[PDB]
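Just below is one structure, and these are the notes that go with it.
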Amino acid sequence: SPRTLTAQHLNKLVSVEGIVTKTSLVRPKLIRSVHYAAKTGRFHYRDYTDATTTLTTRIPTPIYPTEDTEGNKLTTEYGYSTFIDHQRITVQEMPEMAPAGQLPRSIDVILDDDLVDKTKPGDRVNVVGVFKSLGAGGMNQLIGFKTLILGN
Amino acid sequence: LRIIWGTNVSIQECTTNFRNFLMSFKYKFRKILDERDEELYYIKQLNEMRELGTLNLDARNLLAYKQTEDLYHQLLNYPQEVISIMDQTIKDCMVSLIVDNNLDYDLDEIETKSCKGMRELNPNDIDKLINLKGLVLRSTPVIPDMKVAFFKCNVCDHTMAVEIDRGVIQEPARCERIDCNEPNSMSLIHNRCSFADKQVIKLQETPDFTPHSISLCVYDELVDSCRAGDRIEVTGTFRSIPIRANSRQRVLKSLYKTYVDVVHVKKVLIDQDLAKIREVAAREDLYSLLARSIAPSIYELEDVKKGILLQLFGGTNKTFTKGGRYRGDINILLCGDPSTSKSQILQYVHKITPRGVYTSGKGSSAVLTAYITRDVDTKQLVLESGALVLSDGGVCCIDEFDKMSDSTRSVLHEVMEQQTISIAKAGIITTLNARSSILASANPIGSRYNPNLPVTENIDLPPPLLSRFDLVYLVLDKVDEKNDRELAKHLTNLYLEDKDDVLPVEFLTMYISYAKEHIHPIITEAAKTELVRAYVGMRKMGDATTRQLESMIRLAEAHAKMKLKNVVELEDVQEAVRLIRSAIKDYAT
Amino acid sequence: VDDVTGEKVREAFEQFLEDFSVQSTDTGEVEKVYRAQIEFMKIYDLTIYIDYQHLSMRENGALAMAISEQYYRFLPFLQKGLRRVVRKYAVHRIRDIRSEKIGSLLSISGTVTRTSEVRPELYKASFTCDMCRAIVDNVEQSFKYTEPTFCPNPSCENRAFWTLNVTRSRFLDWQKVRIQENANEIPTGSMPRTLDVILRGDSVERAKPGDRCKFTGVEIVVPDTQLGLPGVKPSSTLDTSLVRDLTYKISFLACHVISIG
Amino acid sequence: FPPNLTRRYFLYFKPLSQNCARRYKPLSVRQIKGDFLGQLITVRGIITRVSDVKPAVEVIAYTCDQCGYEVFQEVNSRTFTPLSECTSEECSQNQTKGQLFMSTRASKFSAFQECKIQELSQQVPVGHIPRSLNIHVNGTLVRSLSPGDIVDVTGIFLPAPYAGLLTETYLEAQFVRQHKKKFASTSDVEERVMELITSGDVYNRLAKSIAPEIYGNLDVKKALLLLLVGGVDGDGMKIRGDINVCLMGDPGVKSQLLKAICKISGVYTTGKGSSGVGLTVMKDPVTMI
DNA sequence: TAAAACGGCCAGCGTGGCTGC
DNA sequence: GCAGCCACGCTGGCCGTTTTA
């Protein structure tokens, strides 16, 4: 349940039930870059990760590369460069399950590539995934540590 | 040969070839036209530039002339310098003509002086000549522009200056004790420097043969060289300039912003007729010729047409020594049964009025006046004048007068009585006058006006305002056959072919304007005898007030303004009273 | 250069006001009308009330056609001459505005709209560094909020700076109204035009929204949505890393404003 | 000078037909996965909110003005940055460098315009909302796509570079095949018109032919034919060749003929579906309207 | 994380004081 | 007594530091 979900029933795999509502927009994301050098006549390789994909706290490696080592033009290529779609949705619990009288409260779960656009706003869905918490919780520069759910 | 690095032209071939064009024109366009006074244009036009002490040109003088054809495409491809060279050699031609007398207009100071639209226009046309048309949307205020800068310093304050470049203004480090030994800081005054004038005006076209709007960037001499709403053809050259990113840094975004830098405007703040006016004025049948020639669509309401004629010749604006201030305003409403094309009559009146305003019913409020609204670009609240302010001087037109609101038609009391407008809220507390000739029409309750019934009853008007009006008309339906035959033959001829009387279209239009200031009808003693003489018989009907007396005295002098009469006459008063009495005899029922 | 031209104009006008003002005889005022104006001012302790015709009387417009072109050039000369007199004794419209009209004199009538509040001014920056002698007083007052001067002559440098003294100065109050154009001169189909006007000093609060007034002939331009206007926008790259750019507009300033109408 | 600086031409690719593929593509926007970037696709849809064509800067010339050389800056990105005062070969190794500025006539441009494509609304799922997609148009094919049509669009799918790793996509057009061929662009006309005239009883067949899907209302079809005719027109007024016949009565006549009028002749509007700005002001898109 | 602006650090030039002819 | 060399002061250029989008 989302009502007793915080602090404990945390950093584990959680089975959540509820309603599909307010489906967000579909945007694709780049992962593996392919770059061709003119003079060497060779290809290259460069990847990038974010906190949605790794599931492990790794050093983020963000700028699109050109002119790496000798002065060879790093012409990027496509087709062979990979992509994966991305989406986030909100699921509030079922309203009859609620306490004496209150407005139900909710969280969100992020999907991945082959599961984009499977829930429309307004259905009944059981969800199995992993509770993932990202972001620098106010130690950046006042209440942080915003949440979501992955591995779905 | 002289030559510029970036271009392919010369000084002397252009100068001598332009002089060749300026010394040779013999109606060559008529030679191509085959003709279906042969002196060249530029001699006479250079004389009009010369003796008057007063650049752009059209296209056909350079096409028909065989020479300077290369000069046509050079100007077409390099308009920036060729015009300056043309003005230089025109100045030299002025000096070549001035050596005849050598003292002419103070030689030193006069010496010192559409195929397709915008959407079809390709971006290929970077610096070209484009012939376009359309309308004008609005006009921004004046934008200043620095041409010569101004600089000062701190130690004894030397104030040398430098001019603006094409893009920036430079300034040295040290000026006092010249640019050496860094004595002090240079001062800069951006108000002692020279300037220029530039204004941006956005235009909308009428795509003859999605909507689009264009803009332009006129300069010093073209300030207010265009009005808003005119059908102006636009001659200009295309431009394109980069824009910043987020209006802050120098990272220029792609897709440069383009504009127009116009050349010539099609805008167009190639007495003697008075004797003909007096000829027609000496005509005995003027009272029928002038009124009959007004509206050839209806062959009736001759009294109404006469009243409409007198609406522009209305009264003598008589102000007393203390108080008084009695205008010559008259307001007449006509109403009645349909199938009269009354609306076409009123629109025709709107056409006769030089500043006509044609309004209607249920689209007005008190707030035709008080057009206060919010600004867009300055983001403020600007108070605006209403429709009746557009009627200031002339005749207003209102439709469906019976169908006004509570606020609408109630404001009219101030106009009919004080002829003022009272503005008094938190923004501006200030009254102003706006005089006009209010004329309207409405429809009664019953579809057919029945007899044996009051006129005040069968019209949805307030009775204090009803008698406040000058004259009220009645349009009734007739069961005849003769009027229906002349009606249908007349209207069949007006409908057929889609369109023995003298019909002056504009003689009367200028006659009224001439008669407005030059005619002051006087109402002396002899008329008062007849006035009281008619007034006792008028007062005899009762169970007639001073309202009717003011009506007759303002209508008699109205007819006296007609036919150029500065005095009153004992005659013209009989039909003046009878015009009111025709309505009164219609009030028997 | 301008000091000499303005000094000659200044001395001739000082002699002018020191000469007769009004030609009228003993029946009425005789002479020294502006001198009686200053004595009238001594009675009330306010300003100056000057006529365009009286300034146009002595030099037959030679001095009038000296001032009516660059008045902005001749403000301190006109104040210094009047100051030495003190120590010695004790119509157009908005469409008629061009760039040649800067510094010159032109009278404009109109429609008052959107009065504004009262706000004080400054023109007395007393700002000096952390050094002991922190008692300077910048003689700058221009349309810039640059309080601390660079070169003082203490041990402090130009980077040593502190705040401006808001306690040892002379201020003035003023409002800023935006006049509207008359509706009796606009043509048909035309919306009204707007123009800003600045009311400076003693003649404050005389405005009233919805009034016809006559104005002082002077005019100014204030330094600055006018981005990507387009137009060649100047920058301040002086002659020798990388200042701002600018695009201005015509404004208005006045010292004598009558409110007749 | 680089040869890219002096081109004057363009190159267009060419798609393969399905007949030879049969011997030796119908995609939906939902079928456009965001993983086919760099591939070759073929889409179909409805042109919606076509923007206007505006010039695209390609290369930047830079006049030396001191040594007389020409520096060139080629830009293939959206933005770029200003360069130094001069990059001449002679301005260098000297105390007084030049001062450059760009030029218009020496730079090279290209036609640029984009629009949006709405889904077919027939391939939309039963509980989804249709999406749309941006397609860039360049060069010769510009000013050739009217909004609200049915067209076969072919192209290549490329992303655009700009929370940190969000890729916004688009499509570059390659070929246009428009369904519903536009009229007015006489032989084939009179091939059927002369046969229609010689068919006999033409006047009853014409009005009988407009919307024959109802029973009765013969004079009503006569009025519909006359409304379809219209077409009529010195120092006075012209004549308006428009007909305005109102309809009163109920109920089985009721929208069956009303939508049919715009079918034979058309935007269908209702009472509340159009506001005060609907039947007669918005922020201007990419290209105060 | 990149770009722009200002201050600090590093390099080059000139004047005054000290030493030699 | 004057000219040349060394030491101290002043000026110019490059690298480092800080903030917004």
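Following the order of the structure tokens, first chain is A, next is B, and so on, with residues numbered from 1 inside each chain and ligands from 1 in the order they appear.
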
Just want the 9 Å neighbourhood of stretch 24-37 of chain D, counted on only C-alpha atoms (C1' of nucleotides), with same-chain residues fewer than 2 positions away dropped. Output as number ranges by chain. A: 26-30, 78-85; D: 18-22, 39-45, 118-120, 123-124, 130-133, 154, 156-159, 169

Take the residues from that selection and put them in a file with N, CA and C atoms, as a compact mmCIF listing (two decimals), in the first residue's frame.
# COMPACT_ATOMS: atom_id res chain seq x y z
N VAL A 26 5.50 10.84 -24.03
CA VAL A 26 6.53 9.91 -24.50
C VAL A 26 7.73 10.63 -25.12
N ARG A 27 8.91 10.49 -24.50
CA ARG A 27 10.14 11.05 -25.04
C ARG A 27 11.18 9.95 -25.13
N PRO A 28 11.97 9.88 -26.19
CA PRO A 28 13.04 8.88 -26.27
C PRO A 28 14.34 9.37 -25.65
N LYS A 29 15.18 8.41 -25.24
CA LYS A 29 16.46 8.72 -24.61
C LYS A 29 17.63 7.97 -25.25
N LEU A 30 18.77 8.65 -25.43
CA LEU A 30 19.99 8.09 -26.01
C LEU A 30 20.88 7.42 -24.98
N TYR A 78 24.46 7.31 -37.00
CA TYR A 78 23.14 7.07 -36.44
C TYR A 78 22.72 5.69 -36.86
N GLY A 79 21.46 5.36 -36.60
CA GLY A 79 20.96 4.04 -36.92
C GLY A 79 21.52 3.05 -35.92
N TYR A 80 22.85 2.89 -35.93
CA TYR A 80 23.57 2.01 -35.03
C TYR A 80 23.62 2.57 -33.62
N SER A 81 23.53 3.88 -33.47
CA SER A 81 23.47 4.49 -32.15
C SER A 81 22.12 4.11 -31.53
N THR A 82 22.14 3.61 -30.30
CA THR A 82 20.92 3.12 -29.67
C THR A 82 20.12 4.16 -28.90
N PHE A 83 18.85 3.83 -28.73
CA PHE A 83 17.87 4.66 -28.05
C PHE A 83 16.89 3.79 -27.29
N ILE A 84 16.34 4.38 -26.23
CA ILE A 84 15.33 3.75 -25.37
C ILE A 84 14.33 4.83 -24.95
N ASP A 85 13.03 4.52 -25.04
CA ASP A 85 11.97 5.46 -24.67
C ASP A 85 11.89 5.63 -23.15
N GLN D 18 6.46 -0.12 -53.35
CA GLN D 18 6.10 -1.42 -52.79
C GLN D 18 5.87 -2.50 -53.84
N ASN D 19 5.69 -2.13 -55.12
CA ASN D 19 5.43 -3.13 -56.15
C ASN D 19 6.67 -3.97 -56.41
N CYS D 20 7.82 -3.32 -56.54
CA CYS D 20 9.04 -4.09 -56.76
C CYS D 20 9.45 -4.81 -55.49
N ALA D 21 9.08 -4.26 -54.32
CA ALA D 21 9.35 -4.95 -53.07
C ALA D 21 8.49 -6.20 -52.98
N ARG D 22 7.30 -6.13 -53.58
CA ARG D 22 6.41 -7.27 -53.70
C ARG D 22 6.99 -8.29 -54.66
N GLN D 39 17.17 5.76 -39.14
CA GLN D 39 16.60 4.86 -40.12
C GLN D 39 15.83 5.63 -41.18
N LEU D 40 15.25 4.88 -42.11
CA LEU D 40 14.44 5.41 -43.20
C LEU D 40 13.00 5.02 -42.96
N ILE D 41 12.11 6.00 -42.90
CA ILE D 41 10.72 5.72 -42.63
C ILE D 41 9.84 6.32 -43.71
N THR D 42 8.54 6.06 -43.57
CA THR D 42 7.49 6.54 -44.45
C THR D 42 6.24 6.67 -43.60
N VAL D 43 5.70 7.88 -43.46
CA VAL D 43 4.52 8.10 -42.64
C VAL D 43 3.39 8.70 -43.47
N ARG D 44 2.23 8.82 -42.82
CA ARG D 44 1.05 9.40 -43.45
C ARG D 44 0.27 10.09 -42.35
N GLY D 45 -0.52 11.08 -42.72
CA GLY D 45 -1.29 11.80 -41.72
C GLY D 45 -2.02 13.02 -42.22
N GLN D 118 -1.06 15.46 -37.59
CA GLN D 118 -1.98 14.82 -36.67
C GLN D 118 -2.31 13.41 -37.14
N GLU D 119 -2.65 12.54 -36.19
CA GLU D 119 -2.99 11.15 -36.45
C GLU D 119 -4.29 11.04 -37.26
N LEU D 120 -4.42 9.91 -37.97
CA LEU D 120 -5.50 9.59 -38.88
C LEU D 120 -6.86 9.45 -38.21
N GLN D 123 -6.93 4.94 -36.80
CA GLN D 123 -5.96 3.99 -36.27
C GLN D 123 -5.68 4.25 -34.80
N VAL D 124 -6.41 5.18 -34.21
CA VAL D 124 -6.28 5.55 -32.80
C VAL D 124 -6.93 4.46 -31.94
N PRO D 130 -5.09 11.15 -29.45
CA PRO D 130 -4.14 11.17 -30.56
C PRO D 130 -3.02 12.17 -30.35
N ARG D 131 -1.84 11.78 -30.77
CA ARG D 131 -0.68 12.64 -30.64
C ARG D 131 -0.44 13.34 -31.96
N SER D 132 0.64 14.10 -32.03
CA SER D 132 1.02 14.79 -33.24
C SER D 132 2.54 14.72 -33.34
N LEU D 133 3.12 15.26 -34.43
CA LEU D 133 4.57 15.21 -34.58
C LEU D 133 5.05 16.26 -35.57
N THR D 154 7.50 10.74 -46.61
CA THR D 154 8.62 9.83 -46.44
C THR D 154 9.81 10.59 -45.89
N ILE D 156 13.51 10.50 -43.02
CA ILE D 156 14.51 9.97 -42.11
C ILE D 156 14.25 10.61 -40.77
N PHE D 157 14.49 9.85 -39.75
CA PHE D 157 14.08 10.22 -38.42
C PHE D 157 15.26 10.71 -37.60
N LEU D 158 15.32 12.02 -37.35
CA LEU D 158 16.46 12.48 -36.60
C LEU D 158 16.07 13.26 -35.35
N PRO D 159 16.82 13.08 -34.28
CA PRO D 159 16.58 13.80 -33.02
C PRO D 159 17.19 15.19 -33.05
N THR D 169 12.41 14.75 -30.96
CA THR D 169 12.54 14.29 -32.33
C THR D 169 11.77 15.12 -33.33

Residue list (helix (DSSP H, G or I), DSSP) for stretch 167-349 of chain B, as a PyMOL selection string: chain B and resi 220-222+274-281+286-292+302-312+342-349

Distance filter 12 Å, only C-alpha atoms (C1' of nucleotides), chain B against chain F, as a CSV table (one decimal) with N, CA, C and O atoms, in the first residue's frame:
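Resulting contents of result_27.csv:
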chain,number,residue,atom,x,y,z
B,181,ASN,N,50.1,58.9,-21.9
B,181,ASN,CA,50.3,59.1,-20.5
B,181,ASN,C,49.1,58.9,-19.6
B,181,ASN,O,49.2,59.3,-18.4
B,182,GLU,N,48.0,58.4,-20.1
B,182,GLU,CA,46.7,58.0,-19.4
B,182,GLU,C,46.3,59.1,-18.3
B,182,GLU,O,46.3,58.7,-17.1
B,245,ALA,N,20.3,35.3,-28.6
B,245,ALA,CA,19.6,34.2,-28.0
B,245,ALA,C,19.3,34.7,-26.6
B,245,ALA,O,20.2,35.3,-25.9
B,246,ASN,N,18.0,34.5,-26.2
B,246,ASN,CA,17.5,35.0,-24.9
B,246,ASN,C,17.7,36.5,-24.6
B,246,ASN,O,17.7,36.9,-23.4
B,248,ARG,N,20.1,38.3,-24.4
B,248,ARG,CA,21.2,38.6,-23.5
B,248,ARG,C,22.6,38.4,-24.0
B,248,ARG,O,23.5,39.3,-23.8
B,249,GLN,N,22.9,37.3,-24.7
B,249,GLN,CA,24.3,37.0,-25.0
B,249,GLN,C,24.5,37.1,-26.5
B,249,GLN,O,23.5,37.5,-27.3

Residues of chain A no more than 12 Å from chain D, counting only C-alpha atoms: send them over as a PDB file with C-alpha atoms, in the first residue's frame.
ATOM      1  CA  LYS A  22      -2.716  11.196 -15.708  1.00  0.00           C
ATOM      2  CA  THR A  23      -0.392   9.446 -18.182  1.00  0.00           C
ATOM      3  CA  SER A  24       2.596  11.614 -19.114  1.00  0.00           C
ATOM      4  CA  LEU A  25       4.246  12.235 -22.498  1.00  0.00           C
ATOM      5  CA  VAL A  26       6.529   9.910 -24.503  1.00  0.00           C
ATOM      6  CA  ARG A  27      10.138  11.051 -25.038  1.00  0.00           C
ATOM      7  CA  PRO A  28      13.037   8.880 -26.271  1.00  0.00           C
ATOM      8  CA  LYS A  29      16.461   8.723 -24.612  1.00  0.00           C
ATOM      9  CA  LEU A  30      19.990   8.086 -26.009  1.00  0.00           C
ATOM     10  CA  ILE A  31      22.365   5.527 -24.476  1.00  0.00           C
ATOM     11  CA  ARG A  32      25.024   4.263 -26.893  1.00  0.00           C
ATOM     12  CA  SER A  33      26.722   6.608 -29.313  1.00  0.00           C
ATOM     13  CA  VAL A  34      28.448   5.662 -32.533  1.00  0.00           C
ATOM     14  CA  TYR A  48      26.066   7.875 -21.008  1.00  0.00           C
ATOM     15  CA  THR A  49      24.053   6.985 -17.914  1.00  0.00           C
ATOM     16  CA  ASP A  50      21.474   8.621 -15.657  1.00  0.00           C
ATOM     17  CA  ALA A  51      19.835   7.638 -12.407  1.00  0.00           C
ATOM     18  CA  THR A  52      16.880   5.956 -14.087  1.00  0.00           C
ATOM     19  CA  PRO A  60      27.421  10.158 -14.187  1.00  0.00           C
ATOM     20  CA  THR A  61      29.117  10.808 -17.539  1.00  0.00           C
ATOM     21  CA  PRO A  62      27.037  13.460 -19.397  1.00  0.00           C
ATOM     22  CA  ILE A  63      28.937  16.531 -23.528  1.00  0.00           C
ATOM     23  CA  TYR A  64      28.418  14.986 -26.964  1.00  0.00           C
ATOM     24  CA  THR A  76      28.809  10.862 -35.284  1.00  0.00           C
ATOM     25  CA  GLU A  77      26.712   8.177 -36.905  1.00  0.00           C
ATOM     26  CA  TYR A  78      23.142   7.075 -36.442  1.00  0.00           C
ATOM     27  CA  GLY A  79      20.963   4.044 -36.922  1.00  0.00           C
ATOM     28  CA  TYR A  80      23.565   2.010 -35.034  1.00  0.00           C
ATOM     29  CA  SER A  81      23.467   4.491 -32.149  1.00  0.00           C
ATOM     30  CA  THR A  82      20.923   3.117 -29.668  1.00  0.00           C
ATOM     31  CA  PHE A  83      17.869   4.657 -28.045  1.00  0.00           C
ATOM     32  CA  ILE A  84      15.333   3.753 -25.371  1.00  0.00           C
ATOM     33  CA  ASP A  85      11.972   5.461 -24.674  1.00  0.00           C
ATOM     34  CA  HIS A  86      11.029   6.825 -21.252  1.00  0.00           C
ATOM     35  CA  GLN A  87       7.833   7.516 -19.246  1.00  0.00           C
ATOM     36  CA  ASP A 113      11.448   0.756 -23.026  1.00  0.00           C
ATOM     37  CA  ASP A 114       9.117  -2.093 -23.914  1.00  0.00           C
ATOM     38  CA  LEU A 115       6.423  -0.901 -21.479  1.00  0.00           C
ATOM     39  CA  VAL A 116       5.868   2.662 -22.651  1.00  0.00           C
ATOM     40  CA  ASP A 117       2.142   3.531 -23.101  1.00  0.00           C
ATOM     41  CA  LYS A 118       0.520   0.563 -21.421  1.00  0.00           C
ATOM     42  CA  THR A 119      -1.613   2.491 -18.917  1.00  0.00           C
ATOM     43  CA  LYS A 120      -4.087   5.100 -19.965  1.00  0.00           C
ATOM     44  CA  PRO A 121      -5.617   7.390 -17.300  1.00  0.00           C
ATOM     45  CA  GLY A 122      -8.482   5.487 -15.779  1.00  0.00           C
ATOM     46  CA  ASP A 123      -7.908   1.757 -15.327  1.00  0.00           C
TER      47      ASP A 123
END

Exercise answer, chain C residues close to chain D, 12 Å and only C-alpha atoms, as a count of residues only: 4

Between C:104, C:126, C:184, C:142, which one has atoms that come closest to residue C:163, using only C-alpha atoms?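 Closest candidate: C:126.
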
For the contact check between chain C and chain B, emit one row per residue of chain C within 9 Å, containing the shortest atom pair and the distance in Å rounded to one decimal, counting only C-alpha atoms, chain then rising number order, as a tab-separated table.
residue	atom	partner	partner_atom	distance
C:72	CA	B:192	CA	8.5
C:73	CA	B:192	CA	7.7
C:93	CA	B:269	CA	8.9
C:95	CA	B:269	CA	6.9
C:96	CA	B:269	CA	8.5
C:97	CA	B:142	CA	8.2
C:98	CA	B:197	CA	6.6
C:99	CA	B:196	CA	5.6
C:100	CA	B:195	CA	7.6
C:102	CA	B:191	CA	8.3
C:103	CA	B:192	CA	8.6
C:112	CA	B:428	CA	8.2
C:113	CA	B:428	CA	6.8
C:114	CA	B:427	CA	6.7
C:115	CA	B:427	CA	8.7
C:180	CA	B:382	CA	8.4
C:183	CA	B:385	CA	6.9
C:184	CA	B:392	CA	8.2
C:185	CA	B:269	CA	8.6
C:186	CA	B:269	CA	8.7
C:187	CA	B:390	CA	8.8
C:188	CA	B:390	CA	6.8
C:189	CA	B:229	CA	7.7
C:190	CA	B:228	CA	7.1
C:191	CA	B:384	CA	7.9
C:192	CA	B:384	CA	7.3
C:193	CA	B:141	CA	8.2
C:194	CA	B:141	CA	8.3
C:195	CA	B:141	CA	8.6
C:208	CA	B:428	CA	8.2
C:209	CA	B:428	CA	5.0
C:210	CA	B:430	CA	5.2
C:211	CA	B:430	CA	7.4
C:220	CA	B:191	CA	7.8
C:221	CA	B:191	CA	7.1
C:222	CA	B:191	CA	8.8
C:223	CA	B:190	CA	8.2
C:225	CA	B:377	CA	8.8
C:227	CA	B:247	CA	6.7
C:228	CA	B:243	CA	6.5
C:229	CA	B:200	CA	8.6
C:230	CA	B:241	CA	8.3
C:231	CA	B:217	CA	8.4
C:232	CA	B:167	CA	6.1
C:233	CA	B:167	CA	7.2
C:234	CA	B:168	CA	5.1
C:235	CA	B:168	CA	5.7
C:236	CA	B:169	CA	6.5
C:237	CA	B:170	CA	5.7
C:238	CA	B:171	CA	4.2
C:239	CA	B:171	CA	4.5
C:240	CA	B:172	CA	6.2
C:247	CA	B:144	CA	8.1
C:248	CA	B:144	CA	6.5
C:249	CA	B:143	CA	5.5
C:250	CA	B:144	CA	6.9

I need the residues in stretch 80-183 of chain B that are strand (DSSP E or B) according to DSSP; give them as a ChimeraX atom specification. /B:129-132,135-139,143-144,148,151-152,163

Chain B residues near chain D within 8 Å, closest pair each, using only C-alpha atoms, as CSV:
residue,atom,partner,partner_atom,distance
B:123,CA,D:55,CA,5.7
B:124,CA,D:109,CA,7.7
B:126,CA,D:105,CA,7.0
B:127,CA,D:105,CA,7.7
B:240,CA,D:104,CA,7.8
B:250,CA,D:81,CA,6.5
B:251,CA,D:81,CA,4.8
B:252,CA,D:79,CA,5.4
B:253,CA,D:79,CA,4.3
B:254,CA,D:78,CA,5.1
B:255,CA,D:56,CA,4.4
B:256,CA,D:57,CA,6.7
B:498,CA,D:238,CA,7.3
B:499,CA,D:234,CA,6.4

Those residues you just picked out, can you put them in a file as a JSON list (two decimals), in the first residue's frame with N, CA, C and O atoms?
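As a result, result.json now contains:
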[["chain", "number", "residue", "atom", "x", "y", "z"],
["B", 123, "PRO", "N", 13.62, 33.43, -50.52],
["B", 123, "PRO", "CA", 14.74, 34.00, -49.75],
["B", 123, "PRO", "C", 15.96, 34.28, -50.60],
["B", 123, "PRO", "O", 16.93, 34.85, -50.10],
["B", 124, "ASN", "N", 15.92, 33.88, -51.87],
["B", 124, "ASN", "CA", 17.00, 34.10, -52.82],
["B", 124, "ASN", "C", 17.18, 35.58, -53.07],
["B", 124, "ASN", "O", 18.28, 36.05, -53.35],
["B", 126, "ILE", "N", 17.90, 38.46, -51.93],
["B", 126, "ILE", "CA", 18.52, 39.09, -50.77],
["B", 126, "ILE", "C", 18.47, 40.60, -50.90],
["B", 126, "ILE", "O", 17.85, 41.29, -50.09],
["B", 127, "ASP", "N", 19.13, 41.15, -51.91],
["B", 127, "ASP", "CA", 19.14, 42.60, -52.11],
["B", 127, "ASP", "C", 18.54, 42.86, -53.48],
["B", 127, "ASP", "O", 19.26, 43.00, -54.47],
["B", 240, "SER", "N", 17.83, 41.24, -43.99],
["B", 240, "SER", "CA", 17.86, 40.07, -43.10],
["B", 240, "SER", "C", 18.98, 40.25, -42.09],
["B", 240, "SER", "O", 20.14, 40.39, -42.48],
["B", 250, "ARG", "N", 25.67, 36.85, -26.99],
["B", 250, "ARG", "CA", 26.07, 36.98, -28.38],
["B", 250, "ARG", "C", 25.95, 35.69, -29.16],
["B", 250, "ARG", "O", 26.38, 35.63, -30.31],
["B", 251, "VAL", "N", 25.36, 34.65, -28.57],
["B", 251, "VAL", "CA", 25.18, 33.40, -29.29],
["B", 251, "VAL", "C", 24.03, 33.64, -30.26],
["B", 251, "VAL", "O", 22.86, 33.71, -29.87],
["B", 252, "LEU", "N", 24.35, 33.82, -31.52],
["B", 252, "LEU", "CA", 23.30, 34.11, -32.47],
["B", 252, "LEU", "C", 22.60, 32.84, -32.93],
["B", 252, "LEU", "O", 23.24, 31.89, -33.39],
["B", 253, "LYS", "N", 21.29, 32.86, -32.83],
["B", 253, "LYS", "CA", 20.42, 31.78, -33.28],
["B", 253, "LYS", "C", 20.35, 31.78, -34.80],
["B", 253, "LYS", "O", 20.53, 32.81, -35.44],
["B", 254, "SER", "N", 20.09, 30.61, -35.38],
["B", 254, "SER", "CA", 19.93, 30.55, -36.82],
["B", 254, "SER", "C", 18.63, 31.22, -37.24],
["B", 254, "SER", "O", 17.85, 31.70, -36.40],
["B", 255, "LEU", "N", 18.38, 31.21, -38.55],
["B", 255, "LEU", "CA", 17.18, 31.79, -39.15],
["B", 255, "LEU", "C", 17.08, 33.29, -38.82],
["B", 255, "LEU", "O", 16.34, 33.70, -37.94],
["B", 256, "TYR", "N", 17.95, 34.07, -39.48],
["B", 256, "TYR", "CA", 18.01, 35.51, -39.25],
["B", 256, "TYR", "C", 16.67, 36.18, -39.50],
["B", 256, "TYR", "O", 15.90, 35.77, -40.37],
["B", 498, "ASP", "N", -27.26, 45.71, -63.85],
["B", 498, "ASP", "CA", -26.56, 45.81, -62.56],
["B", 498, "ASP", "C", -26.13, 47.20, -62.09],
["B", 498, "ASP", "O", -25.01, 47.37, -61.60],
["B", 499, "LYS", "N", -26.99, 48.19, -62.23],
["B", 499, "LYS", "CA", -26.65, 49.54, -61.81],
["B", 499, "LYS", "C", -27.90, 50.19, -61.23],
["B", 499, "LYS", "O", -28.17, 50.05, -60.04]]

Please list as a list in words every residue within 10 Å of residue C:3, counting only C-alpha atoms (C1' of nucleotides) and excluding residues in the same chain fewer than 6 positions away.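 Everything that qualifies: residues 9, 10, 73, 74 and 77 of chain C.
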
Proximity of chain E to chain B: per-residue shortest pair, 12 Å limit, only C-alpha atoms (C1' of nucleotides), as CSV:
residue,atom,partner,partner_atom,distance
E:2,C1',B:251,CA,11.9
E:3,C1',B:249,CA,8.9
E:4,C1',B:249,CA,9.0

Same residues, C-alpha atoms (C1' of nucleotides), saved as an mmCIF file, in the first residue's frame:
data_model
loop_
_atom_site.group_PDB
_atom_site.id
_atom_site.type_symbol
_atom_site.label_atom_id
_atom_site.label_comp_id
_atom_site.auth_asym_id
_atom_site.auth_seq_id
_atom_site.Cartn_x
_atom_site.Cartn_y
_atom_site.Cartn_z
ATOM 1 C "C1'" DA E 2 29.362 26.742 -20.332
ATOM 2 C "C1'" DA E 3 30.089 31.582 -21.002
ATOM 3 C "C1'" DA E 4 31.261 36.257 -19.403
#
